[PDB]
Amino acid sequence: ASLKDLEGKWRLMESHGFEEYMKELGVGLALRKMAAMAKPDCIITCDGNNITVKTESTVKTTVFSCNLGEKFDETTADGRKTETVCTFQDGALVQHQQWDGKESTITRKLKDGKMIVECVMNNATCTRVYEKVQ
Ligand SMILES: CCCCCCCCCCCCCCCCCCCC(=O)NCCO
Ligand SMILES: [Cl-]
């Protein structure tokens with residue numbers, strides 16, 4: 001699996017543990033239900049080391065653009081202001097966020113033609129499965 005393998009337009013097909021993950025993040029109920037219901041597309045572009053992740057929905061669209069391994073300031077879809085580093089490790093794009101002495105990691109990996117997005121914060125894990133839009 002490679003970084004360029006992640007590039008493209010992706011649609012959410014399956015989600016597990018998302019609500020609990022968002023609660024661990026501190027997302028309130030109203031916002032949680034909105035997030036869970038509006039099921040996005042995630043557009044990723046990989047121009048060399050320069051990685052852009054755009055998450056699009058009818059309710060909110062967020063984008064970050066980073067260089068691999070360089071720390072950057074991210075404003076997340078729920079409004080957290082984090083310091084983030086993306087790395088590439090064992091076939092996965094690893095996005096590590098830190099804010100308020102807390103941390104979360106989001107891993108994106110191509111498995112069997114699908115993008116698997118694993119989100120961890122503390123004891124709360126979320127798995128989200130995306131498929132490539134034709
Ligand atoms: C999928 C993005 C959430 C939908 C966009 C926000 C919609 C409503 C606005 C605010 C509600 C906040 C929802 C959770 C935001 C960030 C949690 C991590 C999302 C993520 O990377 N999730 C892994 C999949 O990319
Ligand atoms: Cl930002």
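Please work out if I43 is in contact with a helix residue (DSSP H, G or I) (Cβ under 9 Å, 6 or more places away or on another chain), more than 10 Å from ligand 1 (Cβ to nearest atom) and either among the β-branched types (V, I, T) or outside any strand (DSSP E or B) (or both).
no
Of a type outside the set (G, A, S), crowded, with 17+ Cβ neighbours inside 10 Å and in contact with a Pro (Cβ under 9 Å, 6 or more places away or on another chain): which single residue out of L93, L12 fits that description?
Sole residue among the options that is of a type outside the set (G, A, S), crowded, with 17+ Cβ neighbours inside 10 Å and in contact with a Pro (Cβ under 9 Å, 6 or more places away or on another chain): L12.
Given the condition farther than 17 Å from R128 by Cα, within 13 Å of ligand 2 (Cβ to nearest atom) and over 12 Å from the mean Cα position of the chain (by Cα), answer yes or no: does some residue in segment 48-56 qualify?
no
Within segment 48-60, how many residues are closer than 14 Å to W10 by Cα and more than 7 Å from ligand 1 (Cβ to nearest atom)?
4
Any idea which residue in segment 61-70 is nearest to ligand 1 (Cβ to nearest atom), counting only those that are surrounded by fewer than 15 Cβ atoms within 10 Å (Cβ to Cβ) and either part of a helix (DSSP H, G or I) or of a type in the set (S, T, N, Q) (or both)?
Among residues in segment 61-70 that are surrounded by fewer than 15 Cβ atoms within 10 Å (Cβ to Cβ) and either part of a helix (DSSP H, G or I) or of a type in the set (S, T, N, Q) (or both), the one nearest to ligand 1 (Cβ to nearest atom) is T61.
Of everything in segment 71-109, what is within 11 Å of ligand 1 (Cβ to nearest atom) and basic (K, R)? Give them in sequence order.
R80, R108 - these are the residues of segment 71-109 that are within 11 Å of ligand 1 (Cβ to nearest atom) and basic (K, R).
Suppose we filter segment 46-59 for residues that are part of a loop (DSSP other than H, G, I, E, B) and surrounded by 15 or more Cβ atoms within 10 Å (Cβ to Cβ); how many remain?
Counting residues in segment 46-59 that are part of a loop (DSSP other than H, G, I, E, B) and surrounded by 15 or more Cβ atoms within 10 Å (Cβ to Cβ) gives 1.
Residue under question is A36, and the condition is that it be in a helix (DSSP H, G or I), more than 16 Å from ligand 2 (Cβ to nearest atom) and among the aliphatic types (A, V, I, L, M); does it hold?
Here the answer is yes, as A36 does meet what is asked.
Considering only residues that are of a type in the set (G, A, S) and in a loop (DSSP other than H, G, I, E, B), look in segment 71-93 and name the one that is farthest from ligand 2 (Cβ to nearest atom).
Ranking the candidates gives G91 first.
Quickly run through segment 1-34 and pick out the residues that are of a type in the set (A, V, I, L, M, F, W, C) and farther than 26 Å from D112 by Cβ.
Result: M22, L25, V27, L29, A30, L31, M34.
Return only the number of the condition from (1) surrounded by 15 or more Cβ atoms within 10 Å (Cβ to Cβ); (2) more than 12 Å from the chain's Cα centre (by Cα); (3) farther than 17 Å from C126 by Cα that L25 does not satisfy.
With respect to (1) surrounded by 15 or more Cβ atoms within 10 Å (Cβ to Cβ); (2) more than 12 Å from the chain's Cα centre (by Cα); (3) farther than 17 Å from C126 by Cα, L25 is out only on (3).
Bear in mind that the values in this text are calculations on the coordinates, not laboratory data. When we count neighbours, we look across all protein chains shown, and the Cβ atoms used for this are built from the backbone with ideal geometry, even at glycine.
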